[PDB]
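[1] This one's experimental. Sequence and coordinates below.
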Amino acid sequence: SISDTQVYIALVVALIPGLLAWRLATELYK
Amino acid sequence: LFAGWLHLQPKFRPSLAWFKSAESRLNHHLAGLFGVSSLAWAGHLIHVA
Amino acid sequence: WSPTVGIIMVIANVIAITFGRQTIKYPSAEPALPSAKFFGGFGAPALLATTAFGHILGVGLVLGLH
Amino acid sequence: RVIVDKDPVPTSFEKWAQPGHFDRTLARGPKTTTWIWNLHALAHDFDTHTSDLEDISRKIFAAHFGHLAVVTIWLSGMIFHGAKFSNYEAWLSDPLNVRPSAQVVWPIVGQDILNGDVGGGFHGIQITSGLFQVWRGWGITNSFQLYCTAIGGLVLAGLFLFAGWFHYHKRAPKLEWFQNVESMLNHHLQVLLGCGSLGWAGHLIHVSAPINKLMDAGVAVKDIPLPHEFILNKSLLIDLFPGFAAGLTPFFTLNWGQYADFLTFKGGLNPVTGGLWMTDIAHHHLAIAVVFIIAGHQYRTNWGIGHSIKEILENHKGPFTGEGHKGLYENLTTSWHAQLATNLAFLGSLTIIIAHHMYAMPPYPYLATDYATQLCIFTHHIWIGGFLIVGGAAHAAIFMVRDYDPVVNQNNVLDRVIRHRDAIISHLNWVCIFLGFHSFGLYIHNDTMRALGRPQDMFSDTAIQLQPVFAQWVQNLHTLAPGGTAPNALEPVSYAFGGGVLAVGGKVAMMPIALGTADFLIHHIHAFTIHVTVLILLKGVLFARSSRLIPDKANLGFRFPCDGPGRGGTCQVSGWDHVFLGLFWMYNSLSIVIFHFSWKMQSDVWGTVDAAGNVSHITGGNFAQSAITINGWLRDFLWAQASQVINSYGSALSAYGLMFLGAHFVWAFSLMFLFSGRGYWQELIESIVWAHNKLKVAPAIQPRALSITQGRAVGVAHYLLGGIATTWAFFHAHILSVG
Amino acid sequence: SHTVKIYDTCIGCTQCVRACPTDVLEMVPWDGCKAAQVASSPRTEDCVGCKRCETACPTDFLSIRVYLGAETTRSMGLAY
Amino acid sequence: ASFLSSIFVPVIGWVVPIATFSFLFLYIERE
Amino acid sequence: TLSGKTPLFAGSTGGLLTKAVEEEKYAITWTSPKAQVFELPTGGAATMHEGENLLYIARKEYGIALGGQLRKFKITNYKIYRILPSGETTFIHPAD
Amino acid sequence: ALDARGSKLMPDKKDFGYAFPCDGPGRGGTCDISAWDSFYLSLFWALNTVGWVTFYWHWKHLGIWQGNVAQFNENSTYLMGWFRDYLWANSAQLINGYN
Amino acid sequence: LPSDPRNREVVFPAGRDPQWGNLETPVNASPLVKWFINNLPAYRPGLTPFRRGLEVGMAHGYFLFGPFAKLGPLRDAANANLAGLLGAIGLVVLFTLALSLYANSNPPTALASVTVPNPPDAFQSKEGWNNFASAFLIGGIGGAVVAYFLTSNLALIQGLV
Amino acid sequence: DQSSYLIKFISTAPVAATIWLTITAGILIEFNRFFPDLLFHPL
Ligand code: CLA
Ligand code: CLA
Ligand code: CLA
Ligand code: CLA
Ligand code: CLA
Ligand SMILES: CC1=C(/C=C/C(C)=C/C=C/C(C)=C/C=C/C=C(C)/C=C/C=C(C)/C=C/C2=C(C)CCCC2(C)C)C(C)(C)CCC1
Ligand SMILES: CC1=C(C/C=C(\C)CCC[C@H](C)CCC[C@H](C)CCCC(C)C)C(=O)c2ccccc2C1=O
Ligand code: SF4
Ligand code: SF4
Ligand code: SF4
């Protein structure tokens, strides 16, 4: 499989849409 | 996700006449969304697959 | 190890890219000492900017293609 | 657009007669001894006189020819002293044994014992400035090439001194010649830096690297031909460097791979000299030169095309910073201190980068071979870089008092750091405190745990790890870069990251520097002593004009002692006094950088390689378990390495024994000015003027004590002089003995 | 607060009134000197001990003197 | 790194609905 | 009352503190000929209005240090009050 | 002691008590002018002088107690022999208290 | 990443009075941060002052088991976790003094920042700060026991989950 | 008179004290090359 290191890169990169999804879903109103 | 946030900000927010311009969607979506993407996938098969 | 073949005027495209690009992009574009007459709204230093930038944009490209 | 005034100032000896002609208040004549010190203080301060920026700028540009003359006289002096009074021709035959020496001492009072035997039948002072590595790196073979260089320098020192007369007393420029900063940057980036490094790239290819390749073969010194015969007789540029018979046409048909013999990318150290490859420096300074000539065509001049700096800065503005960089052009094109703060904090920070990029990548033949040279080149430019950063902080505080304008600097990024200057300092005050406990207190923790007989509770390589993960990783990336992220290299950028041990004779040129727990603590001591120095200098810049204590501090001036004993006491509130307090921390910070260097390199880099490749270091490898306690910094560094500086009487290192004690004196002498105050010493002179009034030896110029600001300035100048000269005389006598 | 004593030797120079930054000092008419006014300190609860007023006085020795006394909030110069 | 299943699955099984439902219940019942 | 305009600046970290709630607070009023850029003794640059202005300051030292800065604008009309937290406004500058 | 009641730079110093900081930056400044401040400067000298009388006491007796009187009589005429043979050489047992 | 979008700003000043010494930044008034700080048990509406110190004591008494048990002197012995329990309980008591010492000294009134528009009304009386101090000792000791119970058998909870 | 300004410059404070202390130091140096080691008068 993939290495143990590469899983943590995928988790940190996944915070970038996780932050932007929180910005879009709150710009669309409450 | 950034593009949907960007196109809700007041001077980046599109006007009403931009949506009801139906002849310009059909030229861009048929040539670009359908045609270039079918051209690009033919480039993916021949170069790579 | 790229000797001058007859078809190494890639830079002639690259120069032709530049003043086709940068004609619509200069702020001033007609300072003094013009090349009278010559097509395109250029003075002489503005046109030898684009042919100098294309001669630099083209040297990295030919060496990129090895 | 060159417009030049015709004869503004008449050349005469009129103003040499009366002293202090420049200021109207100071020219009326002396009344006390305060006038004597204000003449030498307000001397080169050309800004205090008028408001005419045209008149001040002509004095500034002409005096800059004065400093160029004294550097050239100095530099051609070092070549001339190295021509007559040196062993340069005996050093070239055996750099592994002959010590670099100049400065033969006159034999008068027994100081002929300073002329010790350096090798080669020559008696003199073993130099450490490394000029023999430079001259070999230039390709000088015999003495006559040093004479014509030094005589050529004395002519070039005379043209700078003549033009300083000419461009001030005869033909002086107008104001608008100076404010062509777009036209200045185009000439200075292209012709000075780009064409200077293109011409020097022509000097390695045609001249230097042919000679340094014949030196590495071990041919001879005299039998190597003259370097103008390499240009004439082209058959000797084809025995070596075989990619030369193709001539000039592969440059213009873009067949640049033909030149692969003498513009290489070897990427490492030469195994013969322990220096960089001369062909790599040739392809360096050529590739440096192309980038500068391109990038100097950027700013707009008389021909329309080009960027405008007033239009670059005013576009870069954001949501956080309001008007952004709008208004910083008028600060940098009117004020001279805003230029002087910028060109000095970034040239002083550049000089420290030069020191780090020269110990790991030694750029000269037999530089890493001589440990006595490489230690002193680092520690020299460290201090030179550190004074200039404090100077950039000084002349930025002077900008805020005199040259700051509210109308121009409205709501720009200079204005927005004065609104939140309490948030800047108090968040910086926290980090200086946070780094104080969690870096220095881990030494006090380790002092106590070893003293309490608890070695298992220490922050060491054995007991409690503090391994520098984020710097052990970057070394592993720069080790694996040949073949990977830079495939064209062969070895790394230096051997300080990885690679192997490169021995030159017996002595190590460079070994992989392994970072550990002791290296974690001392790199976070460095961040501590630098953030505190920033805290003092930036507080003198942000609070230069006012504070909550003094709402009108800019009304008083840049350099004033206090505002009286009230408000609890307001002494040392000025912007001058924060430059005064930062000079100590600069002294504190840079003294540990040069102590980290001088003991990591001796314990973990430098030493002698045996036959089987075993590396026997200088201090036996004791930085690991001793640079974690303050007892270990005292025992194994200050006490143990001073056994060569104080035992050096009756030998050639006697002057370093005298400068070691003599600098402990001047350091201790400075405390009389720092601790005491002015008002004591004025009272004491009143009782000495009495005994001078009694016998009718009363001076007409009244004696006064030194002023409050001057008593601080004398006390820091005598402090920095004796503290650095202690280390100057300690580094030399230790490393001119074990090297 | 502090204590501002003004002796009878000043000349009405008005250099001390134009230098005290909390405006403690003011001129009152007084038939003694040539300028026919003496400095007076009616607001010494505002004095911050700056001694700008002693620095600006011409007369030798100083006609004005600030005696540093008990330090309240107004004389410590605290904005908090 | 198969131990991340032991820390993402109970968070999404337990912590994610508890944090969501306790937000939504206090949001729909909010004058 | 006081009834003055407030100058144009984006706020400072100097400003006013807890003393303005607790012990006292000062305030300086001046009638300006025009709108221009001056300096705050709290820190930074600002922009006065035309006509009567108002700046709530922390100490009396600030308003007289500011009034000297206003003197080079041909503004010699500045009057500092002492605003106690009980609402007691005391005219202190000038004496008359 | 003698200038405690005033002098030329500052008369009537008796009106300000014994310990007061200064009289401002005026008259060139008066930092460390008070009679307390001349107590203050002297205790640097008093600690210094008793250093000299106890560095010299201690090193003359380290030759008597060890039987080496020749080390002091040769080396105490020049200031390196104080620095080397007393400060440097004797602090080797001390600093190795924990290693 | 254009916000409103080429325009406008975020450092509008605190309460629209620029002459107050405070500003509204994205660390001050970003409504995820303002919602967080207002709902810590020091600041949450609808809490007894005994109820406020009960959660604050359980939180601060919880993690202070940590650095004593894993960095203290007994961290290799059989009592490695009991040494962290007595150190954590022994230092909540030093904090229970400092709360009672602060409370009995006629303490000043609590501030009102920009992320928190009111002090929670129980922090202006000597009796109010004393209930906060009595709760902190109860919750601080109990919060260190439950940290002692979990970490002393880490293999058991992982097997039982 | 341009020449009077050179006499008036050679007799300022640092210029006269540089020349006079150079003549003073040169006398002590050239006395010590020829007659060195004079600890005391030989009588
Ligand atoms: C060339 C320029 C261009 C391009 C590339 C697009 C592209 C797009 N526009 Mg669009 N647009 C354009 C110009 C363009 N537009 C202009 C000029 C206007 C103004 C006049 C608009 C106005 C406009 C509006 C108002 C909206 C869009 C939307 C969309 C999106 C369509 C939904 C989608 O992703 O389907 C992707 C579809 C395909 C890739 C083709 C699918 C073809 C069929 C269905 C399937 C064939 C696949 C085949 C069987 C194989 C699949 C197998 C494989 C998956 C395994 C798409 C990204 C919509 C949207 O979602 O906004 C984001 C929308 O609401 N556009
Ligand atoms: C590019 C270099 C540069 C330049 C051009 C200037 C230029 C200037 N500086 Mg600046 N400065 C610099 C670097 C520079 N500085 C650095 C690096 C520092 C940090 C130390 C400072 C710190 C500084 C301060 C703190 C101040 C200035 C001031 C000034 C102005 C007047 C200086 C003057 O007349 O001195 C006249 C010359 C002297 C007084 C001689 C000083 C001699 C020094 C102290 C001793 C040198 C030791 C020497 C190496 C060893 C000698 C040994 C002995 C036995 C012979 C002038 C505009 C002053 C000012 O008011 O600006 C308007 C001021 O207050 N500067
Ligand atoms: C050895 C002398 C020494 C020491 C310890 C300090 C210490 C300090 N100086 Mg300082 N300073 C010194 C000499 C010294 N200075 C000199 C000679 C000058 C003259 C130029 C200055 C000028 C100066 C300025 C101008 C500034 C400082 C600042 C600081 C502070 C930096 C924050 C820090 O690291 O604190 C951390 C504390 C330590 C590193 C000390 C070690 C303490 C250990 C770790 C803990 C204590 C042990 C134990 C728990 C004690 C309790 C026992 C109990 C029985 C009571 C700190 C208070 C700066 C400041 O305050 O801003 C931050 C600042 O602006 N100093
Ligand atoms: C002169 C008085 C004194 C005394 C008697 C002690 C005694 C001790 N110190 Mg110490 N210390 C002192 C001053 C003193 N210290 C000072 C001035 C400093 C500042 C530099 C320190 C800093 C210091 C550190 C940093 C550490 C010690 C530690 C220790 C313990 C080492 C033995 C051991 O393994 O703990 C075994 C015993 C325990 C782990 C727990 C014992 C029970 C505790 C002490 C109290 C239990 C509750 C109590 C009864 C009621 C509340 C506390 C009460 C004081 C109000 C021992 C109890 C170590 C330690 O364990 O600290 C907790 C440690 O890490 N000391
Ligand atoms: C998708 C999420 C999810 C996860 C991760 C689990 C996980 C588990 N379930 Mg389960 N369950 C779920 C959804 C989930 N369930 C749903 C949706 C239902 C409804 C149909 C059930 C109904 C269910 C039943 C009826 C039972 C379980 C049981 C178990 C445990 C079996 C292992 C064992 O022997 O326990 C060993 C471990 C323990 C006995 C105790 C472990 C410690 C507990 C979980 C919490 C300790 C305190 C905690 C840290 C703080 C408070 C709780 C917190 C959530 C607020 C295991 C912890 C069995 C069990 O033991 O339940 C307690 C059991 O009887 N589950
Ligand atoms: C914000 C944030 C953060 C932070 C946080 C933290 C880190 C927290 C902490 C945490 C903690 C700090 C925790 C705590 C908890 C608590 C608990 C868990 C407790 C418990 C307790 C109990 C259970 C007890 C009980 C009792 C009592 C009270 C009394 C009696 C006895 C008993 C024992 C029964 C982070 C970083 C993430 C990131 C970002 C965001
Ligand atoms: C010594 C000292 C003085 C007195 C020092 C003075 C007045 C300097 C005098 C030293 C020089 C060397 C005197 C030079 C006098 C003549 C110009 C030189 C005569 C000899 C010529 C040949 C040069 C202060 O006024 C003072 C003020 C504030 C803090 C500390 C101190 C401080 O330490
Ligand atoms: S520097 Fe001296 S005179 Fe000035 S305030 Fe400080 S102590 Fe007083
Ligand atoms: S005290 Fe000084 S300033 Fe005031 S009137 Fe007298 S002389 Fe003038
Ligand atoms: S204390 Fe001195 S400086 Fe301050 S206001 Fe009074 S007279 Fe002026």
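    Cool, got the structure. Residues are numbered from 1 along each chain as shown, chains lettered A, B, ... in the order given. Ligands and ions are numbered 1, 2, ... in the order given.

[2] Packing partners of the longest helix out of those in chain H?
    The residue-count maximum for a helix in chain H (DSSP state H) belongs to helix H:36-64. Contacts defined by 3 or more Cβ pairs under 8 Å, 6 or more residues apart in numbering or on different chains; DSSP states H and E place helix H:36-64 against helix D:678-694, helix H:70-75. C-betas here are computed from N, CA, C, even on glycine.

[3] Remind me what the next helix or strand after the last one packs against, helices and strands.
    The helix or strand immediately downstream of helix H:70-75 is helix H:79-82, counting by DSSP states H and E. Counting contacts by 3+ Cβ pairs under 8 Å, 6+ apart, helix H:79-82 is packed against helix D:654-669, helix H:70-75.

[4] how much space is there between residue D:685 and residue G:9?
    Remark: distance between residue D:685 and residue G:9 (Cβ to Cβ, to the nearest Å) = 51 Å.

[5] Same question for residue D:448.
    52 Å.

[6] more neighbours, the two?
    Taking neighbours as other Cβ atoms under 10 Å in any protein chain shown, residue D:448 and residue G:9 compare with residue G:9 leading, 23 against 14.

[7] near ligand 3, which residues of chain D show up?
    Residues of chain D lying close to ligand 3 (Cβ under 6 Å from any ligand atom) are D:429, D:432-433, D:436-437, D:440-441, D:444, D:532, D:535-536, D:581, D:584.

[8] List only buried entries from those.
    Taking 16 or more other Cβ atoms under 10 Å in any protein chain shown as the criterion, what is buried in the residues of chain D next to ligand 3 is D:432, D:440, D:532, D:535-536, D:581, D:584.

[9] Would you confirm that residue D:595 belongs to a helix?
    Yes. Counting by DSSP: H, G, I helix; E, B strand; the rest coil, residue D:595 is located in a helix.

[10] Surely it is in contact with residue D:637?
    Yes. Residue D:595 lies in contact with residue D:637 (Cβ atoms under 8 Å); the separation is 6.8 Å.

[11] Does stretch I:48-59 reach ligand 6?
    Yes. Under the criterion of Cβ under 6 Å from any ligand atom, stretch I:48-59 makes contact with ligand 6 via I:58-59.

[12] which other residues reach the longest helix anywhere in chain A?
    The residue-count maximum for a helix in chain A (DSSP H) belongs to helix A:15-27. Under the contact criterion Cβ atoms under 8 Å, 6 or more residues apart in numbering or on different chains, helix A:15-27 has outside partners B:1-2, B:4-5, B:8.

[13] Which ChimeraX command selects the buried ones in these?
    The following ChimeraX line selects those of the contacts of helix A:15-27 that are buried, judged by 16+ other Cβ under 10 Å:
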select /B:5
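
[14] Now that we have the contacts of helix A:15-27, can you turn them into a markdown table and tack on distance to residue D:67?
    As requested, these are exported to a markdown table (distance: Cβ to Cβ, whole Å):
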| residue | distance to residue D:67 |
| --- | --- |
| B:1 | 59 |
| B:2 | 54 |
| B:4 | 61 |
| B:5 | 57 |
| B:8 | 60 |
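
[15] In helices, which of the contacts of helix A:15-27 fall?
    B:2, B:4-5.

[16] Reformat these into a markdown table and put distance to residue D:302 next to each item.
    A markdown table is the format used below for the ones in helices among the contacts of helix A:15-27 (distance: Cβ to Cβ, whole Å):
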| residue | distance to residue D:302 |
| --- | --- |
| B:2 | 44 |
| B:4 | 49 |
| B:5 | 46 |
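
[17] so which of these comes closest to residue I:107?
    Residue I:107 lies nearest to residue B:5 out of those, by Cβ to Cβ, at 46.7 Å.

[18] So the residue nearest to the closest one when sequence neighbours are not counted versus residue D:539, what's the distance?
    Using Cβ to Cβ, 6 or more residues apart in numbering or on different chains and skipping the chain neighbours, the partner closest in space to residue B:5 is residue A:24 (4.8 Å). According to Cβ to Cβ, residue A:24 stands 43 Å off from residue D:539.

[19] Show me which of those two is the more surrounded one.
    residue D:539 (21 against 16).

[20] The more buried one is in contact with residue D:575, isn't it?
    No. Using Cβ under 8 Å, residue D:539 makes no contact with residue D:575, being 9.3 Å away.

[21] element containing residue C:12, please.
    Counting by DSSP H and E, residue C:12 is found in helix C:10-22.

[22] and residue 29, how many neighbours does it have?
    No chain in the question, so chain A it is. 5.

[23] wrong one, I was asking about chain G
    By other Cβ under 10 Å, 18 other residues sit near residue G:29.

[24] And for residue E:28?
    Look at residue E:28: counted by other Cβ under 10 Å, it has 10 neighbours.

[25] sorry, back to before: could you give me the buried positions within the longest helix of chain A?
    With the criterion 16+ other Cβ under 10 Å, helix A:15-27 contains buried residues A:20, A:24.

[26] roughly how far out does it sit from the chain middle?
    Remark: helix A:15-27 is offset 9 Å from the chain centroid, using Cα atoms, centre = their mean, to the nearest Å.

[27] Is the spatially closest residue to residue D:241 that is not a sequence neighbour in a helix, a strand, or coil?
    Excluding the flanking residues, the one nearest residue D:241 by Cβ to Cβ, 6+ apart is residue D:262, at 4.5 Å. Under three-state DSSP, residue D:262 falls in the coil class.

[28] now residue D:262: how far from residue D:285?
    Residue D:262 sits 13 Å away from residue D:285, going by Cβ to Cβ.

[29] and the helix ranked longest in chain B, what does it pack onto?
    The residue-count maximum for a helix in chain B (DSSP H) belongs to helix B:37-47. Helices and strands touching helix B:37-47, by 3+ Cβ pairs under 8 Å, 6+ apart: there are none.

[30] rewinding a little: which one of the residues of chain D next to ligand 3 is nearest to chain F?
    residue D:437 (33.2 Å; Cβ to the nearest Cβ).

[31] Could you look up the SS state of that closest one?
    helix.

[32] Same check on the one 4 residues further on?
    Reducing the assignment at residue D:441 to three states with three-state DSSP gives helix.

[33] on that earlier part again, would you point out the most distant pair within the buried ones among the residues of chain D next to ligand 3?
    Farthest-apart pair in these is D:440 and D:581; separation 19.0 Å (Cβ to Cβ).

[34] What residues does residue D:628 make contact with?
    Counting by Cβ under 8 Å, 6+ apart, residue D:628 has contacts D:443, D:446, D:458-460, D:517-518, D:521.

[35] Present these as TSV; the columns should include neighbour count, secondary structure and distance to ligand 4.
    TSV is the format used below for these (neighbours: other Cβ atoms under 10 Å in any protein chain shown; DSSP: H, G, I helix; E, B strand; the rest coil; distance: Cβ to the nearest ligand atom, whole Å):
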residue	neighbour count	secondary structure	distance to ligand 4
D:443	20	helix	15
D:446	25	helix	13
D:458	21	coil	14
D:459	19	coil	14
D:460	24	coil	18
D:517	23	helix	20
D:518	25	helix	22
D:521	22	helix	19
